[PDB]
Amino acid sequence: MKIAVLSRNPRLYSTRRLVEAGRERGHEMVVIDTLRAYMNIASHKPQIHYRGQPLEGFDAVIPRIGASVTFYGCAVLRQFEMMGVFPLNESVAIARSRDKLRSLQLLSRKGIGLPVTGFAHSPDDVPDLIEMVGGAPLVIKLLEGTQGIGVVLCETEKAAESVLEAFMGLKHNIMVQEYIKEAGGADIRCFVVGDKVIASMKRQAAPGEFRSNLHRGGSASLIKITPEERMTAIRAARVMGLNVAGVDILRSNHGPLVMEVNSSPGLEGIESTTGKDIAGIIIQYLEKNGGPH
């Protein structure tokens, strides 16, 4: 196959690995800087130009579209789709998953387990908002369109009041979530490909730090997920309309809660912890669904 990788940086671990895995398996892997693609949007002979030349003979495309360029990245991916190129993940599904407000409302509507969650912009009654979502402690996220701007743990009512009053001056969208203390600072990352969790890991936040990013100084380990967690991860991806997704899960007293559904999950954390060829499994998915058949 000839496979396009929409990535702004070919040196990134995940882009390098996808290119490496594709080439091991006899594919022509071409990294396309999403923002340097330009297009005529005619239906009748649809083309994408790149550095003065048309892009031709592509069988599939792997979108690694950064959140800051979701609109333009989805336009380039949509064009590939209109030209009959097989997308690892569909443009409509990536756009949907990058709208955090829409994602939560959809998962909620489909009975996927979520933390109690509230939305606000300029509420007149902050105490009412805090009460609605079950009070402190709660996690407050600032959203600007398709991007997360900030995250704070507010341990007390007065801390939540102050953070919300502070953030109301930024005219951003505000997410309020119950803090799941019973998880003890651990979460499960499930790597979903088709109707399967192909790999998972436990991320433990350092004592104090509530954020369990390896970027935020937290440790990772192997984990055996429950059949319910496995089904939840697969359902969350299918509900979002994604073939490949990172799903983050908290073990709560009300069962598994989905924290995040990522359309463009990192490979570094999951590969170094499990030792699995995740890049390879993704290439295999394209062979079985997008290639000669």
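We number the residues from 1 along the sequence you see.
- When the C-alpha B-factors of 180 to 188 and 107 to 115 are averaged, 180 to 188 comes out higher.
- Comparing 208 to 216 with 147 to 155, the higher mean C-alpha B-factor in the PDB entry belongs to 208 to 216.
- The entry assigns its greatest Cα B factor, within the set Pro63, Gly26, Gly246, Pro256, to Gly26.
- Based on the entry's C-alpha B-factors, the most elevated value among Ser252, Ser68, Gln47, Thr232 belongs to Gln47.
- For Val126, the recorded CA temperature factor ranks within the lowest third of the chain's modelled residues.
- Ranked within its chain, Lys224 lands in the highest third, by CA B factor from the PDB record.
- In this PDB entry, the Cα temperature factor of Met201 sits in the top third of its chain's modelled residues, the highest group.
- Looking at the C-alpha B-factors along this chain, the one for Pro265 belongs to the middle third.
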